[PDB]
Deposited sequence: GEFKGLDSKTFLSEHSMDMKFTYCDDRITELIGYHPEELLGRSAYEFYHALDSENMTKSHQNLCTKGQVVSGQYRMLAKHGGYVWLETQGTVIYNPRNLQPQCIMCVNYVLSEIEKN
């Protein structure tokens, strides 16, 4: 059992969805070091069955300025997937996207 903050990590993205920053909390949860995520698109990490829905959510985010993702599966560093949900926000100067990510499951292989 984990507390809320231990299951939450913030990421930042350019408008092409590439990671430009990630909280170190992601390492304990999903396995990645933040440095290895930089320059990779969010889309590289979504489960195939969630990819079309995530595209729609990204479109809604860019159109409206904010979005709540619904539940989706993110690829974990050492195989398998973790369920999580994300609140996304565009910061306009569009400059970048901020995502607050909350983990909903253990890694499932």
Missing CA stretches, deposited numbering from 1, N-terminus first: 1-2, 96-100, 117
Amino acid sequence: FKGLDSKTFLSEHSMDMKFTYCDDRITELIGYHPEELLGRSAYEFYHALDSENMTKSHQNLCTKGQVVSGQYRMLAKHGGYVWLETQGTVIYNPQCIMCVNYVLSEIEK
From here on, numbers count along this sequence of modelled residues.
Quick one: is residue 87 left out in at least a third of the other entries we compared? no
Would you mind comparing 50-58 and 37-45 for me and telling me which has the higher average C-alpha temperature factor in the entry? 50-58
Using the entry's values, work out which of 93, 14, 86, 11 has the largest Cα B factor. 93
